[PDB]
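Q: This is the structure I want to talk about, given as structure tokens.
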Amino acid sequence: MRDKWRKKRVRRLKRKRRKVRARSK
Amino acid sequence: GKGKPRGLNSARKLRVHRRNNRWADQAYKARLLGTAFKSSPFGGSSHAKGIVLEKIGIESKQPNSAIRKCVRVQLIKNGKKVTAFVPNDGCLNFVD
Amino acid sequence: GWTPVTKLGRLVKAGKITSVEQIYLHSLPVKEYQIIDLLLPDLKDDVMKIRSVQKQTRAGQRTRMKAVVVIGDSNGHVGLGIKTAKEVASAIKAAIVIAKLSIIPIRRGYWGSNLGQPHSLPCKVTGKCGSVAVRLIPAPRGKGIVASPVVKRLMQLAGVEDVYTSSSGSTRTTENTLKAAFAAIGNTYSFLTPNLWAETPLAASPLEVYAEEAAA
Amino acid sequence: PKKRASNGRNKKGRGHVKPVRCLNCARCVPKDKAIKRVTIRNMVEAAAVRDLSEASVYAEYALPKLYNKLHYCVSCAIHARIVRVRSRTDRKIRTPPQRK
Amino acid sequence: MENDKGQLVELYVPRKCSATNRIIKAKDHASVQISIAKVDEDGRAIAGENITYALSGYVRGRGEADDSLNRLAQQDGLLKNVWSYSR
Amino acid sequence: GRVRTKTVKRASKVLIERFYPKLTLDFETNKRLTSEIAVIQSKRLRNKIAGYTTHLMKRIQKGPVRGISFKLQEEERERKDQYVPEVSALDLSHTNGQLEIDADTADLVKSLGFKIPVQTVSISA
Amino acid sequence: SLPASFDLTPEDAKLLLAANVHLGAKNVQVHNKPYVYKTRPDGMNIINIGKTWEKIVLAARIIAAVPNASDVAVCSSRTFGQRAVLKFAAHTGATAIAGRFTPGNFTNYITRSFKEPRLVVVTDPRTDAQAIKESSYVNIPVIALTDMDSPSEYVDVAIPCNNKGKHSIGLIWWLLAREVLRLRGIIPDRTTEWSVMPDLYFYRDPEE
Amino acid sequence: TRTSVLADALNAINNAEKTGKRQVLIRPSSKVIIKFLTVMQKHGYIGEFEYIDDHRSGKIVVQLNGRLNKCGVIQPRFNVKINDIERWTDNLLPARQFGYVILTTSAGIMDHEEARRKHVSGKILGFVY
Amino acid sequence: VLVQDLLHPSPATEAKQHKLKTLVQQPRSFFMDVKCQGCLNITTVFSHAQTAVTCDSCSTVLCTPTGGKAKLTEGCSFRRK
RNA sequence: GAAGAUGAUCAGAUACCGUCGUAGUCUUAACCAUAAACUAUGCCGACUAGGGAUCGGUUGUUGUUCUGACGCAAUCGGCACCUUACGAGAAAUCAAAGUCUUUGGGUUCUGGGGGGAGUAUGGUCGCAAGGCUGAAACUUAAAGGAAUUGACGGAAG
Ligand SMILES: [Mg+2]
Ligand SMILES: [Mg+2]
Ligand SMILES: [Mg+2]
Ligand SMILES: [Mg+2]
Ligand SMILES: [Mg+2]
Ligand SMILES: [Mg+2]
Ligand SMILES: [Mg+2]
Ligand SMILES: [Mg+2]
Ligand SMILES: [Mg+2]
Ligand SMILES: [Mg+2]
Ligand SMILES: [Mg+2]
Ligand SMILES: [Mg+2]
Ligand SMILES: [Mg+2]
Ligand SMILES: [Mg+2]
Ligand SMILES: [Mg+2]
Ligand SMILES: [Mg+2]
Ligand SMILES: [Mg+2]
Ligand SMILES: [Mg+2]
Ligand SMILES: [Mg+2]
Ligand SMILES: [Mg+2]
Ligand SMILES: [Mg+2]
Ligand SMILES: [Mg+2]
Ligand SMILES: [Zn+2]
Ligand SMILES: [Zn+2]
Numbered sequence: 001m002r003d004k005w006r007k008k009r010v011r012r013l014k015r016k017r018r019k020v021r022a023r024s025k
Numbered sequence: 002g003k004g005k006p007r008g009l010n011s012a013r014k015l016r017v018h019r020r021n022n023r024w025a026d027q028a029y030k031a032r033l034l035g036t037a038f039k040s041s042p043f044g045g046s047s048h049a050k051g052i053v054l055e056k057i058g059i060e061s062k063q064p065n066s067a068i069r070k071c072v073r074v075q076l077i078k079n080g081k082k083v084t085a086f087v088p089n090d091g092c093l094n095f096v097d
Numbered sequence: 029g030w031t032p033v034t035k036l037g038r039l040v041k042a043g044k045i046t047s048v049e050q051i052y053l054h055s056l057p058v059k060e061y062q063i064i065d066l067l068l069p070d071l072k073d074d075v076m077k078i079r080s081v082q083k084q085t086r087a088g089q090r091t092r093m094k095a096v097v098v099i100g101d102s103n104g105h106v107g108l109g110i111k112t113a114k115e116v117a118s119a120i121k122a123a124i125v126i127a128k129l130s131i132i133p134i135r136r137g138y139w140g141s142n143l144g145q146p147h148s149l150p151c152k153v154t155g156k157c158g159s160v161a162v163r164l165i166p167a168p169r170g171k172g173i174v175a176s177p178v179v180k181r182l183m184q185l186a187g188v189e190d191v192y193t194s195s196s197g198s199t200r201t202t203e204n205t206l207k208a209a210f211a212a213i214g215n216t217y218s219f220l221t222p223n224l225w226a227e228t229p230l231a232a233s234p235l236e237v238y239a240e241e242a243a244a
Numbered sequence: 002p003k004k005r006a007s008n009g010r011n012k013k014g015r016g017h018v019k020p021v022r023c024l025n026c027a028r029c030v031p032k033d034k035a036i037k038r039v040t041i042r043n044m045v046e047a048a049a050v051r052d053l054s055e056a057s058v059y060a061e062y063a064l065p066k067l068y069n070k071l072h073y074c075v076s077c078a079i080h081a082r083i084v085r086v087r088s089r090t091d092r093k094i095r096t097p098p099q100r101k
Numbered sequence: 001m002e003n004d005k006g007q008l009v010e011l012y013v014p015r016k017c018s019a020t021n022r023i024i025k026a027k028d029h030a031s032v033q034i035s036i037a038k039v040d041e042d043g044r045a046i047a048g049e050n051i052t053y054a055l056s057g058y059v060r061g062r063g064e065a066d067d068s069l070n071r072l073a074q075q076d077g078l079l080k081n082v083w084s085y086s087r
Numbered sequence: 002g003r004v005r006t007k008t009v010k011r012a013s014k015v016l017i018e019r020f021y022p023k024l025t026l027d028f029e030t031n032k033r034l035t036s037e038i039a040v041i042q043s044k045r046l047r048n049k050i051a052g053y054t055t056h057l058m059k060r061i062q063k064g065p066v067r068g069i070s071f072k073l074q075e076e077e078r079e080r081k082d083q084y085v086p087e088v089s090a091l092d093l094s095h096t097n098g099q100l101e102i103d104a105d106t107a108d109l110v111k112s113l114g115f116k117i118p119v120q121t122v123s124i125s126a
Numbered sequence: 002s003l004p005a006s007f008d009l010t011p012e013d014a015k016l017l018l019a020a021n022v023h024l025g026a027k028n029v030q031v032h033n034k035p036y037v038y039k040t041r042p043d044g045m046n047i048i049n050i051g052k053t054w055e056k057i058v059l060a061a062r063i064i065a066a067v068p069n070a071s072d073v074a075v076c077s078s079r080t081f082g083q084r085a086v087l088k089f090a091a092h093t094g095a096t097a098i099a100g101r102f103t104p105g106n107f108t109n110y111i112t113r114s115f116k117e118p119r120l121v122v123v124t125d126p127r128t129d130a131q132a133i134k135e136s137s138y139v140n141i142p143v144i145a146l147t148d149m150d151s152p153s154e155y156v157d158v159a160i161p162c163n164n165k166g167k168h169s170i171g172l173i174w175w176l177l178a179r180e181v182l183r184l185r186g187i188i189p190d191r192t193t194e195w196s197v198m199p200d201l202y203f204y205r206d207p208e209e
Numbered sequence: 002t003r004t005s006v007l008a009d010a011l012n013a014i015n016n017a018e019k020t021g022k023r024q025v026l027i028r029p030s031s032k033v034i035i036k037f038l039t040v041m042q043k044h045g046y047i048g049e050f051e052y053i054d055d056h057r058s059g060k061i062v063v064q065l066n067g068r069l070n071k072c073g074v075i076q077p078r079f080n081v082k083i084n085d086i087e088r089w090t091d092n093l094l095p096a097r098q099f100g101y102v103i104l105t106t107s108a109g110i111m112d113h114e115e116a117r118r119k120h121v122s123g124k125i126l127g128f129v130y
Numbered sequence: 002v003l004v005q006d007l008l009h010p011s012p013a014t015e016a017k018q019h020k021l022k023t024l025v026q027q028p029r030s031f032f033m034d035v036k037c038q039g040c041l042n043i044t045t046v047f048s049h050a051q052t053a054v055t056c057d058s059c060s061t062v063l064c065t066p067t068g069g070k071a072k073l074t075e076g077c078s079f080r081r082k
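Protein chains in written order, with PDB author numbering: chain AO, 1 to 25; chain Y, 2 to 97; chain D, 29 to 244; chain b, 2 to 101; chain W, 1 to 87; chain S, 2 to 126; chain B, 2 to 209; chain X, 2 to 130; chain c, 2 to 82.
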């Protein structure tokens, strides 16, 4: 896939990881 | 001037630069990180004994088509489970 | 039955020119392989590599055979020829012809003392072709040709007894390796050393002293 | 690889050049990169310059010209055949084509 | 080049460029050897009696051959007030 | 079309380069001559060859043709182009008797050990 | 050195100046700077015809040093020099190459007019680039008639003159022919008037 | 900036010799440059050279005779013991029979053969062959 | 040009060079003796003067500074020393 | 004019096209610190080749118009360009990407087969978006660069 969209997908997945970890801090 | 110091008193810079850059060499990195000691199933040894758990056939990769006859072995020294190929025509019948 | 078509060929068919060093002294171009055959009768060739190259066409590949030939007399003369032809045998025959046409002299020198005949090179030399650079270093009387078999064969046919070698780049490209080594071995008569500092008079060309024998 | 030594534009000794809109599609194109053509056309077509001169109330009245400078992006110009694909060696030629 | 016993083991002592002193190689086909006739007091060319110069292909490729001949011939008397040392 | 091929074009110009004195401007005579000069396998090729040889001869008689040399073109040309006028057109007699060189060149003439009369012309443009 | 009889005579200087030999091109390359006497205010460069004369004598002496006269090849692709080189060949016995020079005449040994000249003389280095280029493949020295803009690559002896003149080309070629015959002894001495006139060697249009 | 005038001098000499020029201009001059040139001249690698005084560092015009293959500096000026001269001559010189490694020793600037004659060693300075 | 006299350049080409690019650098400027029209009193003025120099006798400006050589006022004649 | 609303096309298009449109676009106070932030080419110094233009300054000079402009010469500095290839390069190409096995002018930074991955973890900066620093397990025989011939193109002739 396009590198720019691959980067966007990974950024959204890092964002999700951070939000998920914040629940239990 | 080739991008590296040449002064007669720049031995520290040359030695440190080489030391920083040898970490890009995976052989040196694996030797100093001790990955065989920490990560390798054998723990750095050449051989290792274990107990056969089950006999398993593994499909070969393309373009080959065959059933490579291996076993699942649990190592005595650390309890890790590995897959080991049984070489030659019909030596799987020797492994129980 | 060879009928020369060049002035040099006529002068060699007659006894006017008797050695290749007279050719080299005046840089005369050699275009007829019979000149080299007459002046260097004892030449040994070697097919160093045969390769198949393909040209894609509408119907399919068009394959031709490429031959690399090294010629030499083991006494200071060596040549190199590369030719493509439909057939291997014809490619080899024509590469032998142009290897003869390219035969150059080399300068043998001494590592250390000048006792006996020259056995090595007189100086360090280097040649480059493509990415391959071949360096030849003079070596003592014991060490043979310290080189890969490709460069070693060229050294043997050139008459070098003792030499160190070092190559860099994609040495597996045999044609480039041989061309680089051939350039290096030919640079021995291009490197000015102090024993060659003396001025020598410019002799008249043999095409000048024998103008009438080369006429027609 | 690099296709043009000028990178397809005309920016040397400069950092940034403000854009212009393609006449045909309104695409933002750098001013140095845009294909620019100056056209000076007669305002009345040669077929009608006669009947309009006969209908004119002025003896010796000169018909005005139409002055315009057109800016095209690379796609606009190639599509409209203002410029065409040239051979590798013919690309370097930057003199105006010898037609006029 | 000679051995311990004195024999000239060198084959083919090569020529050198008159302008640059470079060795003229066996396959330097851009190199030339100019031969200029000697002229007797009657204005006649003396048969088989020449001033000879050699130029490497490097000098000829650079276009310096003409100016080098102007200098060499003026120093050898073949020319007068055509080449100037100071530019 | 009626474009002759190379087998007739080169065979005709070999005839011209080899038998120009014996050739002529008549097709019937050329046709008979090339039947005794060349071994032509077919009558049609013989007629094509003679018709183009005749055409080439007819063109040679009107002036020199490019690519054909028949051992008399240059022999006639060597003494055809020998014309030289009695006055040299470079001799300083067309003028008043002295050079029309520019004054700057006159300085070069004075620099050399020469005393040459001069009418200096200064275009200065 | 050389007898004083070889100096530039006033008669030859008159011919050279009347033939506009001294008018060199507007733009001069760095290698031809020694041959320029002064630049004329219009832009033309004045050629030091004393040097032109001396180069002519040197070139003729090189031509005279070649044993077989046919081994000298005289070339001209320009139409203005074709008659000059043809008459030069007629008078001296050289081998003329007038008009187009077939590529491969010196390197391709199966071509029709494959020659092996010991010396190549050129009317113009620019329009005879092919002859100079091939001579640099087979070790042929080159004498060239050079203007102030003429390239000097692979040109050994340069005769500074006007290459683009109808009378200049013919005069320079005529002067070489006269000196080559004087050195060979065909002309008894340096004072006998030559039968040939500088009008011969001048290009003639097909009109006449 | 200008860190080695000897390197600049030798680079100018190399470029002129490679282009076939028979003379080269060096600026600035120095004692080390002059003594390096004196070693080259004594061994015949250059001809006469000329020092021009400009009430500054100076200038030099060197006559080249076409015998010079390459001259160069070794930066930095490594300390060289007598037993290290063999390593330097092996790496730098084209053959064992000609060429010189120039050293600056407390006995003066000299080639490696003279240094062996008087049994002295110093810092390496350059080479010539 | 392969052979050339670097120690004795032609003075014509030597004069076109920049003042720092000669064999020995030398200024192209000079000093002048300025005669104002009113009286006769030697006043030494630099050719490339940066000051509006006035002569001692009469308080009249001799030159006006410019980018290069100073420009002498009308009626002022200079003679190079 | 992101988002959104809407009319077309389409098998479907909440895409391309059309009409509107909210953040934004502008500005003031602060943040953010990233771009194919590119000449994909670190900075300082020296040398090596021809040529014509051009901008700024200076210095000498016209069959020119009216002091200025222009014209002709030199020069220093720039932005570039044209030719050649001595030279370099795998080549494309390069007056630097040259003066590099004939390997050493000074110095900073960066890379070490392809992925995993600029991910996880720790730290730090940020209001956030995120920035900077930054692995490993495992997996893999190529990935890639430049060019050649062909084939194809809803590219041109
Ligand atoms: Mg130090
Ligand atoms: Mg390797
Ligand atoms: Mg592309
Ligand atoms: Mg930008
Ligand atoms: Mg000192
Ligand atoms: Mg010391
Ligand atoms: Mg829809
Ligand atoms: Mg809107
Ligand atoms: Mg805002
Ligand atoms: Mg930002
Ligand atoms: Mg970045
Ligand atoms: Mg960019
Ligand atoms: Mg980057
Ligand atoms: Mg930096
Ligand atoms: Mg620099
Ligand atoms: Mg340097
Ligand atoms: Mg200016
Ligand atoms: Mg100044
Ligand atoms: Mg370029
Ligand atoms: Mg550039
Ligand atoms: Mg990696
Ligand atoms: Mg590709
Ligand atoms: Zn577009
Ligand atoms: Zn006063």
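Backbone N, C-alpha and C define an ideal beta-carbon position, used for all residues, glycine too.
Just verifying my parser: in three-state terms, what is the DSSP assignment at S31(W)?
A: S31(W) falls in the coil class under three-state DSSP.
Q: Measuring only the C-alpha atoms, how far is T96(B) from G158(D)?
A: Their backbone Cα atoms lie some 43 Å apart in a straight line.
Q: Buried or exposed: which applies to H105(D), given that a residue is buried once 16 or more other Cβ atoms fall within 10 Å of its Cβ?
A: Under this definition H105(D) is a buried residue.
Q: Hey, does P57(D) have any beta-carbon neighbour from chain B nearer than 9 Å?
A: Yes, contact with chain B.
Q: So that I know if they touch, is there some Cβ in chain X lying closer than 9 Å to that of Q5(c)?
A: Yes - at least one Cβ of chain X is within 9 Å of the one on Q5(c).
Q: Whose Cβ in chain D lies nearer than 7 Å to the Cβ of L11(W)?
A: Here the neighbours are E49, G104 and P133.
Q: List in chain order: all unbroken alpha helix (DSSP H) runs of 4+ residues lying wholly within the region 115-202 of chain B.
A: List check, alpha helix (DSSP H) in window: 130-136 and 167-185.
Q: What residue range does the beta strand (DSSP E) around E49(W) cover?
A: Counting along the chain, the beta strand (DSSP E) containing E49(W) begins and ends at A45 to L55.
Q: Taking the continuous beta strand (DSSP E) assigned at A96(X), which residues delimit it?
A: Looking at the DSSP string, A96(X) is not in any beta strand (DSSP E), and its letter there is neither H nor E.
Q: What are the partner residues of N70(X), as DSSP defines its beta bridges?
A: DSSP lists no partner for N70(X).
Q: Using a strict less-than 7 Å threshold between each residue's beta carbon and the heavy atoms of ligand 24, what residues do you get?
A: That gives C37(c), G39(c), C40(c), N42(c), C56(c), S58(c), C59(c) and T61(c).
Q: With a cut-off of 9 Å, does the C-beta of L34(Y) fall near any C-beta of chain X?
A: Output row for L34(Y): interface = no.
Q: Between the beta-carbon of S18(W) and the beta-carbon of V4(c), is there less than 9 Å?
A: Not closer than 9 Å, so no.
Q: Alpha carbon to alpha carbon, what distance is there between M44(b) and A63(b)?
A: Their Cα atoms are separated by approximately 11 Å.
Q: Just verifying my parser: in three-state terms, what is the DSSP assignment at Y73(b)?
A: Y73(b) falls in the strand class under three-state DSSP.
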